[PDB]
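J.: Please see the structure below; I have some questions.
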Ligand SMILES: CC[N+](CC)(CC)Cc1ccccc1
Ligand SMILES: [Mg+2]
Ligand SMILES: [Mg+2]
Ligand SMILES: [Mg+2]
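Numbering (PDB author numbering), first residue to last: 16 to 355.
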């Protein structure tokens with residue numbers, strides 16, 4: 016039963032869950048990869064990795080992906096969670112230099128991953144492995160777009176490091192802008208493309224219905240994470256959360272803030288339903304009787320289908336994953352799965 020404050024009856028009724036058939040293999044393969052790359056201690060992998068549901072989250076999202084593509088995505092996704100944990104620990108322990116050096120290595124590795132496959136920092140080596148595999152599916156133009164997007168993401172994490180060290184809580188609009196980067200909206204949007212086997216031309220992926228449907232799917236993901244992760248984040252002195260920007264800067268109570276975040280999330284869903292009709296119409300228009308048109312139509316339809324799947328995968332992930340079960344931790348400020 017989903018806690019009442021978090022429950023979204025529209026998701027439960029109108030966004031039925033899907034699961035990619037490769038999921039059982041995926042779960043074990045990513046577990047093995049976390050182990051082999053030493054991204055988590057073996058005992059924490061054993062006790063917590065499956066319960067974190069990171070592979071489940073991606074297998075409920077990129078339906079239709081080739082198994083090899085889904086594997087690279089899931090390994091990268093598990094890496095991303097461990098990176099969020101590393102960032103958090105560097106902030107909590109005041110390791111500004113370790114963070115600055117990591118920030119610089121990730122920018123460099125992102126451009127030349129094969130050069131970093133055996134880097135001394137296992138977090139950099141794990142990143143490089145997943146990124147080198149992601150760069151082997153589509154043309155270099157897609158790789159460069161992924162890289163452009165993730166450089167921006169790394170810098171947004173750097174801004175978060177400074178806000179948290181300086182005790183600054185961003186304002187609402189400042190936060191909303193920053194959250195499109197820290198949630199990595201455009202990375203997940205880029206990854207729709209190797210999942211359906213096609214780098215989309217700019218004229219297609221920048222069509223306003225495709226752009227808007229893509230944006231709303233990610234706003235939902237980010238803001239619903241804010242709603243569900245708020246208790247862990249308060250306990251951990253995290254300042255980045257739409258709710259916190261509202262408590263801090265609009266004098267809402269915790270209760271009023273949870274309500275406003277929920278209202279924003281609900282409205283995302285019904286705005287998505289409207290634009291989804293336009294995006295699927297566009298998918299239809301592309302099928303103009305030509306071979307290329309059929310290819311583009313098929314890829315856009317699959318991508319818009321997965322933009323829809325992200326809602327249900329994210330919703331259930333937050334209720335299933337150990338990552339947010341702060342009530343179960345002996346020390347609420349120190350999740351058990353993090354390297355402290
Ligand atoms: C809960 C999702 N997350 C975690 C750091 C924040 C919104 C981004 C993410 C999405 C998909 C894969 C890995 C990380
Ligand atoms: Mg976090
Ligand atoms: Mg974070
Ligand atoms: Mg969060």
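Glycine included, C-beta positions come from ideal geometry on N, C-alpha and C.
Within 10 angstroms of the Cβ of residue 359, are there 16 or more other Cβ atoms? Answer buried if so, exposed if not.
T.: Residue 359 lies beyond the range of the chain shown here (16 to 355); nothing can be said about it.
J.: Please list the terminal residues of the continuous alpha helix (DSSP H) segment that includes residue 188.
T.: By one-based count along the chain shown, residue 188 stands at place 173. From DSSP, the alpha helix (DSSP H) with residue 188 extends over 187-197.
J.: Alpha carbons only, please: which of 234, 339, 309, 326 is nearest the one belonging to residue 28?
T.: For the purposes of this step, residue 28 is taken as the residue at position 13 of the chain shown. It is 326.
J.: Exposed or buried, residue 200, counting other C-beta atoms within 10 Å across all chains shown (16 or more means buried)?
T.: In the chain shown, residue 200 corresponds to position 185, counting from 1. The residue in question, residue 200, is buried, as its Cβ has 16 or more Cβ neighbours within 10 Å.
J.: Using 8 Å as the Cβ pair cut-off and three pairs as the minimum, do the segment 214-225 and the segment 180-199 touch?
T.: Touching, no, given that fewer than three Cβ pairs across the two stretches are closer than 8 Å.
J.: In whole angstroms, give me the CA-to-CA distance for residue 52 and residue 261.
T.: Your numbering for residue 52 matches position 37 in the chain shown. Your numbering for residue 261 matches position 246 in the chain shown. In a straight line, the C-alpha of residue 52 is about 39 Å away from that of residue 261.
J.: What does the shell around ligand 4 hold, if a residue joins when its beta-carbon is under 5 Å from any heavy atom?
T.: Spelled out in chain order, the answer is 240, 244.
J.: To which residues of the same chain is residue 17 closer than 6 Å at the C-beta, ignoring the five residues directly before and after it?
T.: Position 2 of the chain shown, counted from the first residue, corresponds to residue 17. Excluding positions up to five away in sequence, the list reads 334.
J.: For residue 297 and residue 312, what's the separation of their Cα atoms in angstroms?
T.: The residue labelled residue 297 in the question sits at position 282 within the chain shown. The residue labelled residue 312 in the question sits at position 297 within the chain shown. Near 8 Å, if we compare the C-alpha coordinates of residue 312 and residue 297.
J.: So, using beta-carbon positions, are residue 280 and residue 235 closer together than 8 Å?
T.: The count along the chain shown starts at 1 and reaches residue 280 at position 265. The count along the chain shown starts at 1 and reaches residue 235 at position 220. Their beta carbons are under 8 Å apart, which means residue 280 touches residue 235 by this criterion.
J.: Among the candidates 330, 23, 129, 202, whose CA atom is the shortest distance from the CA of residue 148?
T.: In the chain shown, residue 148 corresponds to position 133, counting from 1. Per the Cα distances, 129.
J.: Output yes or no for whether 8 Å exceeds the beta carbon distance between residue 85 and residue 93.
T.: Counting from one through the chain shown, the residue named residue 85 turns up at place 70. Counting from one through the chain shown, the residue named residue 93 turns up at place 78. Against a cut-off of 8 Å, the Cβ pair of residue 93 and residue 85 comes out as no contact.
J.: My guess is that residue 348 and residue 251 are in contact by the Cβ rule of under 8 Å, so how many angstroms apart are they, rounded?
T.: By 1-based counting over the chain shown, the position of residue 348 is 333. By 1-based counting over the chain shown, the position of residue 251 is 236. Rounded, the Cβ-Cβ distance is 5 Å, consistent with contact.
J.: Leaving out the 5 sequence neighbours to the left and right, which residues in its chain are closer than 6 Å to residue 60 when beta-carbon positions are compared?
T.: Here the question's residue 60 lines up with position 45 in the chain shown. These residues qualify, in order along the chain: 49, 50.
J.: Can you find the residues in the same chain that come closer than 7 Å, C-beta to C-beta, to residue 153, ignoring five residues on each side of it along the sequence?
T.: Indexing the chain shown from 1 puts residue 153 at position 138. Here the set comprises 208, 209, 214.
J.: Give a single yes or no on whether residue 103 has its beta carbon closer than 7 Å to a heavy atom of ligand 2.
T.: On the chain shown, residue 103 is found 88 positions in, with the first residue counted as 1. Residue 103 Cβ: within cutoff of ligand 2.
J.: Considering residue 116, what are the terminal residues of the alpha helix (DSSP H) in which it resides?
T.: Taking the chain shown and counting its residues from 1, the one referred to as residue 116 is at position 101. Where residue 116 is concerned, the enclosing alpha helix (DSSP H) stretches over 111-126.
J.: Could you pull out every unbroken beta strand (DSSP E) segment of at least 3 residues lying fully inside the segment 187-262, listed in chain order?
T.: Counting only runs of 3 or more, we get nothing.
J.: Assess, as a yes-or-no matter, whether the segment 237-255 is touched by the segment 339-353 under the definition of 3 or more beta carbon pairs within less than 8 Å.
T.: The segment 339-353 vs the segment 237-255: in contact.
J.: Cα separation between residue 35 and residue 78?
T.: Sequence index remark: in the chain shown, residue 35 carries index 20 (1-based). Sequence index remark: in the chain shown, residue 78 carries index 63 (1-based). Distance between the alpha carbons of residue 35 and residue 78 is about 5 Å.
J.: Any heavy atom of ligand 2 inside 7 Å of the beta-carbon of residue 99?
T.: The residue given as residue 99 occupies position 84 in the chain shown. The answer is yes for residue 99.
J.: Identify whether residue 64 lies in helix, strand or coil by the three-state DSSP scheme.
T.: Translated into the one-based positions of the chain shown, residue 64 becomes position 49. Helix.
J.: For residue 254, count neighbouring C-beta atoms within 10 Å of its own C-beta (all shown protein chains included) and say buried if the count is 16 or more, exposed if not.
T.: For the purposes of this step, residue 254 is identified with residue 239 of the chain shown, where counting begins at 1. With 16 or more other Cβ atoms within 10 Å, it is buried.
J.: Flag this pair as yes or no: are the beta carbons of residue 324 and residue 33 separated by less than 8 Å?
T.: Here residue 324 corresponds to residue number 309 of the chain shown, with the count starting at 1. Here residue 33 corresponds to residue number 18 of the chain shown, with the count starting at 1. A contact, by the Cβ cut-off of 8 Å.
J.: Between which two residues does the alpha helix (DSSP H) carrying residue 341 extend?
T.: Within the chain shown, numbered from 1, the residue matching residue 341 stands at position 326. Run containing residue 341: none; DSSP gives neither H nor E here.
J.: Is there at least one non-hydrogen atom of ligand 1 closer than 7 Å to the beta-carbon of residue 54?
T.: Reading the chain shown from its first residue, position 39 is the one you call residue 54. Flag unset: Cβ of residue 54 not near ligand 1.
J.: Between which two residues does the alpha helix (DSSP H) holding residue 53 run?
T.: The residue labelled residue 53 in the question sits at position 38 within the chain shown. Note, residue 53: premise wrong, no alpha helix (DSSP H); not H, not E.
J.: Answer yes or no: the CB of residue 72 versus the heavy atoms of ligand 6, is any distance below 7 Å?
T.: The model on display carries ligand 1, ligand 2, ligand 3 and ligand 4 but not ligand 6.
J.: For residue 74, which of helix, strand or coil comes out of DSSP?
T.: Translated into the one-based positions of the chain shown, residue 74 becomes position 59. Helix.
J.: Give me the Cα-Cα distance between residue 314 and residue 80, rounded to the nearest whole angstrom.
T.: Against the chain shown, residue 314 aligns to sequence position 299. Against the chain shown, residue 80 aligns to sequence position 65. Using only the alpha carbons, I get a separation of about 11 Å.
J.: With residue 146 as the anchor, note down where its alpha helix (DSSP H) starts and where it stops.
T.: Sequence index remark: in the chain shown, residue 146 carries index 131 (1-based). Looking at the DSSP string, the run of the alpha helix (DSSP H) that includes residue 146 is 137-149.
J.: Could you spell out where the alpha helix (DSSP H) holding residue 305 opens and where it closes?
T.: Within the chain shown, the letter at position 290 stands for residue 305. Residue 305 -> no alpha helix (DSSP H), and no H or E assigned at all.
J.: Does the beta-carbon of residue 197, which I'm using as the reference point, lie nearer than 7 Å to any heavy atom of ligand 3?
T.: One-based indexing of the chain shown puts residue 197 at position 182. Under cutoff, so the answer is yes.
J.: Leaving out the 5 sequence neighbours to the left and right, which residues in its chain are closer than 6 Å to residue 114 when beta-carbon positions are compared?
T.: Numbered from 1 along the chain shown, position 99 holds the residue referred to as residue 114. Taken in chain order, the residues that qualify are 105, 176.
J.: What do you get for residue 139, buried or exposed, if any count of 16 or more other CB atoms within 10 angstroms of its CB means buried?
T.: On the chain shown, position 124 is the one that residue 139 refers to. The residue is buried, with at least 16 neighbouring Cβ atoms inside 10 Å.
J.: Expressed to the nearest angstrom, what Euclidean distance is found between the alpha-carbon atoms of residue 237 and residue 72?
T.: Residue 237 sits at position 222 when you count from the first residue of the chain shown. Residue 72 sits at position 57 when you count from the first residue of the chain shown. Residue 237 and residue 72: Cα-Cα distance of roughly 14 Å.
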